[PDB]
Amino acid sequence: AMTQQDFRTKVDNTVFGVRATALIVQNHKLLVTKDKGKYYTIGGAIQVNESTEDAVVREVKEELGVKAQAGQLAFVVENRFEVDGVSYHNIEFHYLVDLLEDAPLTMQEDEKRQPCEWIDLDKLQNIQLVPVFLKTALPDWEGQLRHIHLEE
């Protein structure tokens, strides 16, 4: 009751769902967080019956604590990979989010805090960014929604 159902399911050793990702770009830099030597973007499962736009705004609210608007949908990604005997299969909607307040210096997820870093679009190629397709797709983006396949 009153925890809304997430658009994510686990069956035996398979997980599958739909995610929204915030690609926050300001001053030619992408907002990322560093954890365990790798860089990640803000994102999470959408809820059942929730638009991916509302999902990305909600996730920015949760992780960064600021108001935002979804902005342009840049990528729809089919992402497939395995970790520890479990397959993960997500459809991901990557939005060029507009923050309506200043980004904080830190963010958190599941009560674990991680630092905020801003990395220049043309330098993403020189960091361990995950997904990874973003290292080139983001600086090469031409204003048109793209379909992406990412596989391990």
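In case it trips you up, residue 1 is the first one in the sequence shown, and so on.
Mean C-alpha temperature factor, higher of 125-133 and 16-24: In the deposited entry, the stretch with the higher C-alpha B-factor mean is 125-133.
With reference to the PDB entry, specify whether the mean Cα temperature factor is higher for 105-113 or for 52-60. Stretch with the greater average CA B-factor: 105-113.
Relative C-alpha B-factor of residue 87, binned into the chain's lowest, middle or highest third: It falls in the middle third of the chain.
What third of its chain's C-alpha B-factors does residue 69 belong to: lowest, middle or highest? For residue 69, the deposited C-alpha B-factor lands in the middle third.
Which third of the chain does residue 31 land in by C-alpha B-factor: lowest, middle or highest? Middle third by C-alpha B-factor.
Please place residue 46 in the lowest, middle or highest third of its chain by C-alpha B factor as given in the entry. Bottom third by C-alpha B-factor.
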